[PDB]
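I have placed the structure first, in the form of structure tokens, so that the comments after it can refer back to it.
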Amino acid sequence: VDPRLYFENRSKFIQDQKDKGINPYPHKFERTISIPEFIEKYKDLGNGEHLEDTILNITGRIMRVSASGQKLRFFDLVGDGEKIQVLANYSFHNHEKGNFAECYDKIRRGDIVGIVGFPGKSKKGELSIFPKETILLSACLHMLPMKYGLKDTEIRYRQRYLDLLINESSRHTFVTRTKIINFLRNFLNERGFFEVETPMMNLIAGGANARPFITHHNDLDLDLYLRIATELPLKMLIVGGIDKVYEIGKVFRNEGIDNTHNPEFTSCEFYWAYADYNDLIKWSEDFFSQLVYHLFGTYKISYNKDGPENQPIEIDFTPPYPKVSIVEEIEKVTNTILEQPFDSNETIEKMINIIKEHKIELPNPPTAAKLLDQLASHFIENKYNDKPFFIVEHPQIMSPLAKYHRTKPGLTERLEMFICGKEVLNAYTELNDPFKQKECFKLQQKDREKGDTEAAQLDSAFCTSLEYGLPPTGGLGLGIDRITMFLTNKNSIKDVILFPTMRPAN
Amino acid sequence: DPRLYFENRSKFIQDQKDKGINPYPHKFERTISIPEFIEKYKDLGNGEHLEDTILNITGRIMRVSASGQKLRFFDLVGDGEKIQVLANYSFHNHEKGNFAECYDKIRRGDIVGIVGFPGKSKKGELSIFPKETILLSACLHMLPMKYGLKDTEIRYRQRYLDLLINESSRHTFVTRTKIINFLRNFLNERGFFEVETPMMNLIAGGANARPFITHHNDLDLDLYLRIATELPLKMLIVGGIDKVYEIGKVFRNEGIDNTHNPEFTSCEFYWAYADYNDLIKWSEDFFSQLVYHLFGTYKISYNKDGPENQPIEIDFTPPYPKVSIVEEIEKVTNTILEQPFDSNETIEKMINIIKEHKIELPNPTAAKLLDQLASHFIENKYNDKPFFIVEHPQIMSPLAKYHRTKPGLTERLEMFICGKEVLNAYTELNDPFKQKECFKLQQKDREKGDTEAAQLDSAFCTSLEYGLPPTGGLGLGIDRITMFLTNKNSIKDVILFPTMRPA
Ligand SMILES: O=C1O[C@@H](CC2CCCCC2)Cc2cc(O)cc(O)c21
Ligand SMILES: O=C1O[C@@H](CC2CCCCC2)Cc2cc(O)cc(O)c21
Ligand SMILES: N[C@@H](CCCC[NH3+])C(=O)O
Ligand SMILES: N[C@@H](CCCC[NH3+])C(=O)O
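As given, the protein sequences belong to chains A and B, one line each in that order. Add 15 to a position in the first sequence, counting from 1, and you land on the number used in full-length UniProt numbering. Under full-length UniProt numbering, read the second sequence as residues 17 to 379, 381 to 520, first letter to last.
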């Protein structure tokens, strides 16, 4: 009933041990077997069968406490996601080491224990460790929460260690997460790609449309920005001759937090010399179809799109995926023509009016790209939940770094894969002409002058590298935390990050 | 003069745009790479042409030469390998353009798309014989030669130029990536689990270092970049992930030199039920197996005093020497450092030792004092082999478990190559009551003006109360390890883009 008193009592227990000799936090307990190795080694065992001649050293944490009297104690020992029962029988206690009840009366739920004992099955067939001696390695001073206590509470986030022990689903989630990354690292390695590291602190934060973080180095007396993307120095490396290059790492964007946006998230971006939009389309279908089959043995997975209570939709990752041109589909759904230039007063007022007619949010500032972006967000982004699908060939006012379309004026060779209306992949044929790049950086600075503080600044060091000749390349970005959300059936980005960014408890 | 060169090539590109031809074509389908090309056709004798194999080649032209008007030669470099291109007036497809006009425009550094056949020259240099050559992306500047990158900062700002000219820089970052590749699989074979902890936190803990500050606007919240991955990894051990690690960047806001870049790559792992001794063997196993994986031997050549002096042989054969820090300082300085080490007297004693040896007084707490004594009297004891500094005082190690038999010390180890700290490990402190004792001690030395004194994480202290099992944790400095395995005397030579001033 009273956790504050429970913790105050256990604190006295630890100090009462030190006064009366014992050390409650010993340095080393040489373990002999792990609990998973234990279950494998002795699961194929008969009912009631003991092997009291094989003595083993095993560790773990107590998570269930019960007793069938003063002479038989029952526990649940967990370790590495698995579990065995501890069957402490008074007959098998090494009495030279201490009194049976005095030893086990101290055990509480959460205690980390070292056990010397032998393996066997119970009468009912429960595979158990049968201790000869049990020594406390690291006591748990607090009361562990119940599964109910964490269900719709933020303790999973602020106290992830509780979530990792109590909920089996949590360990499963993050084991899947690093399997997603393990797949992608080798998927690129087996294809001749070269993993690198580009700085996260920069004089200018380019590569995306987002407000950055700013820090300060004292000894240099220099203001550095946290990277919002890895796009530019990776393209500088293609110039350097590394024709197959990529990076898996954290990027930082100082903007709103919600179920799809954590301030720091993991991205992967690879750059592929002598590849284009089509290769990036085929790559995205190849990788996602194989990523999903690698984890599930199927191409169709089910996802609770509307939360856990409501029924799930089924997502079919089987290639090929639908391709939807952003301008012409917005055209069709709205029955209008977006005349070019898309950034003209006529086309901007037009889009303002169709945003106003449908009572959709007006973006501030009403830049032409944000109008198009909200139009695409409100009209084409949730077109398919049955499968992933590509929104392609964005106008050049939206894609300052994408190469212009080879047969469609004003558009780019850009693609974007969505799952359940959530952007998960960004790719395009790279804009490799320094003459046309400055015009998209100087037009972005004027967009910056209108209050669009996401409008990309002028990186000069990157512009100079374009002047030594960037070969025709194709680059693609992956939002890893979002891929993990869908592939682990979680509705929040806080559920696929170990320690998400939270409002402080003060 | 370069300025005129860039402007001619700049005007040259605009001429092509007005003249009709696209100077930056969208797509050239390559059939074969330059590495595959050498592998596929290395064995051809001097003079043979397979005129039937019409191939599509890519690369960067890095040499221009001619023999009259009908013969043109270039060096096509790609993926670190180089082949010849022999353009001859007979094989040229005259339907696509004039021979001389097509090839007079190609200059050193240009990205081209060649369609031709494989063959070896009369002198026997493996060549590609184009029927048609297309400029895919032009080099507008003048690329320097190898000497243009010697006495300059250019390698660090324009790493792409260094990678394109100095063939050794490409070897170093391949080695850097192979180092990390080996370490990840070394841990993964032993059941370790890779995670990613926050880089922005309410508190910067896990090391004795001053952090960077930043601000998240929507939350109106100041956040510190992580100086270590230590504390959030240990709370994951509490969560039941007994073999956890993270290979990533950490940020420390201090001075820059040849072994300090404000952001650097570390690897920390945490191994429950292991100890000071298990980590000692892990370090010896890993560094011996890593060296052998790279070099086929346990002995390395490293120019400790630069390429202008004779190098030394680093023998990574295990085991490595272990040296106690307080014991050795006391022997080498012929003094007695008494406990408490942060007592006024032995603080005054260490200060006087530094004074009569004429060493610089650290901005003078006992832990900073001890660190200075170790740096000048211990840390260069062994250069021919890596060695461990062990059993540090707890005054220095607030997160390390106290030594089980040596009072005042901890079960800590630091490994050094050529006097550079490259590894840090100890038996983790898991008694939460001793932890807050050590964190409150850091605040007293923080009150004396220590920017690098650890502030207490209340989240982390609460974590140990739920029970942190006996654990041994270790930390690697990836960049510094990369330096010694690539024979580099600066950390900037192993970081693709080191932190530097604006141009
Ligand atoms: O995860 C995210 O996805 C990216 C979008 C992602 C699409 C694929 C290419 C890389 C970028 C956008 C974003 C913003 C933010 O402030 C926080 C976040 O977690 C994310
Ligand atoms: O390279 C470095 O190594 C680490 C020391 C290294 C020892 C082994 C464990 C990981 C940390 C110290 C350091 C500080 C700094 O501000 C910039 C830097 O580049 C380095
Ligand atoms: N850096 C991009 C991803 C790669 C786009 C294609 N080069 C982004 O932030 O979305
Ligand atoms: N975080 C430590 C490395 C790990 C030490 C053992 N937990 C450091 O910065 O040196």
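Here a beta-carbon is modelled for each residue, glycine too, at the ideal position from N, C-alpha and C.
Is the closest heavy atom of ligand 1 to the C-beta of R192 of chain A under 8 Å?
no
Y399 of chain B: which of B:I434, B:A384, B:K418 and B:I367 sits nearest, CA to CA?
B:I434
Does the CB of residue 15 of chain A have a neighbour CB from chain B at under 9 Å?
In the structure displayed, chain A extends from 16 to 521; residue 15 of chain A sits before or after that span and is not available.
Indicate whether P403 of chain A and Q459 of chain A have their beta-carbon atoms separated by less than 9 Å.
no
If you compare alpha carbons, which of A:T362, A:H393, A:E361 and A:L387 is closest to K374 of chain A?
A:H393
When you compare each of A:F405, A:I263, A:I498 and A:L165 to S340 of chain A by their alpha carbons, which one comes out closest?
A:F405
Roughly how many angstroms lie between the CA atoms of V80 of chain A and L87 of chain A, to the nearest whole one?
12 Å
Against chain B, does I229 of chain A count as a neighbour if the rule is that its beta carbon must be under 9 Å from one of theirs?
yes
Got a sec? Which residues, its chain only, sit under 8 Å from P41 of chain B by beta carbon, not counting five neighbours each side?
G129, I150 and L152
Measuring from each Cβ to the nearest heavy atom of ligand 5, keep the ones under 6 Å and list them in chain order.
Ligand 5 is absent from the structure shown, which contains only ligand 1, ligand 2, ligand 3 and ligand 4.
Which residues in the same chain have their Cβ closer than 8 Å to the Cβ of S49 of chain A, if we skip the five residues on either side of it in sequence?
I73, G94 and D95
Where does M366 of chain A sit, in a helix, a strand or coil, going by DSSP?
helix
Taking beta-carbon pairs under 9 Å, can you tell me which members of the region 194–217 of chain B lie near chain A?
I196, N197, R200, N204, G207, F209, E210, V211, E212, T213, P214, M215, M216 and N217
What residues in the region 258–279 of chain A have a beta carbon less than 9 Å from any beta carbon of chain B?
So the close ones are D258, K259, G264, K265, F267, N269, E270, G271, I272, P278 and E279.
Here's a check: name, in chain order, each residue in its chain whose Cβ is nearer than 7 Å to the Cβ of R186 of chain A, leaving out the five neighbours to either side.
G96 and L179
Select from the region 469–494 of chain A all residues with a C-beta closer than 8 Å to any C-beta belonging to chain B, and list them in chain order.
For the region 469–494 of chain A, the beta-carbon criterion of a distance under 8 Å to any beta-carbon of chain B is satisfied by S475, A476, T479, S480, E482, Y483, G484, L485, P486 and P487.
Within the region 203–233 of chain B, ranges of the beta strand (DSSP E) (whole runs, at least 3 residues):
229–232
What three-state label does DSSP hand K250 of chain A in the structure shown?
helix
Can you have a look at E284 of chain B and say buried or exposed, based on whether 16 or more other CB atoms are within 10 angstroms of its CB?
Counting C-beta atoms within 10 angstroms of its own C-beta, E284 of chain B has 16 or more neighbours from the protein chains shown and is therefore classed as buried.
Scan the region 119–173 of chain B and note each continuous alpha helix (DSSP H) run of 4 residues or more that stays entirely inside, going in chain order.
List check, alpha helix (DSSP H) in window: 170–173.
Where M432 of chain B falls: helix, strand or coil (DSSP):
Correct three-state label for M432 of chain B: strand.
Chain-ordered chain B contacts of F189 of chain A [CB-CB under 9 Å]
Here the neighbours are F209, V211 and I257.
Proximity of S137 of chain A and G63 of chain A at Cβ, strictly below 9 Å
yes
Kindly examine ligand 3 and report whether one of its heavy atoms sits closer than 8 Å to the Cβ of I406 of chain A.
no
If you compare alpha carbons, which of B:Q472, B:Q32, B:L390 and B:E148 is closest to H108 of chain B?
B:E148
How should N379 of chain B be labelled, buried or exposed, when 16 other C-beta atoms within 10 angstroms of its C-beta is the threshold for buried?
exposed
With distances taken Cα to Cα, identify the nearest neighbour of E279 of chain B among A:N319, A:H231 and A:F198.
The option with the nearest alpha carbon to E279 of chain B is A:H231.
Report the rounded CA-to-CA distance for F302 of chain B versus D496 of chain B, giving the unit in angstroms.
16 Å
Does ligand 3 have a heavy atom nearer than 8 Å to the CB of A223 of chain A?
yes
Any beta-carbon of chain B closer than 9 Å to the one on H409 of chain A?
no
Within chain B, partners of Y289 of chain A - CB distance below 7 Å
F44, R46 and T74
Given that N447 of chain A touches chain B, what residues does it touch there, using C-beta distances under 8 Å?
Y40 and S153
Under 9 Å, do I122 of chain A and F53 of chain A count as touching if we go by C-beta distance?
Taking a C-beta distance under 9 Å as the contact criterion, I122 of chain A and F53 of chain A do not qualify as a contact pair.
Outcome for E169 of chain A when other beta-carbon atoms lying within 10 angstroms are tallied against a minimum of 16:
exposed
Measure from the alpha carbon of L218 of chain A to the alpha carbon of each residue in A:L426, A:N224, A:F228 and A:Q174, then state which is nearest.
Nearest to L218 of chain A by C-alpha distance, out of A:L426, A:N224, A:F228 and A:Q174, is A:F228.
Need the endpoints of the beta strand (DSSP E) that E464 of chain B sits in, please.
Here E464 of chain B belongs to no beta strand (DSSP E); instead the alpha helix (DSSP H) covers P449 to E464.
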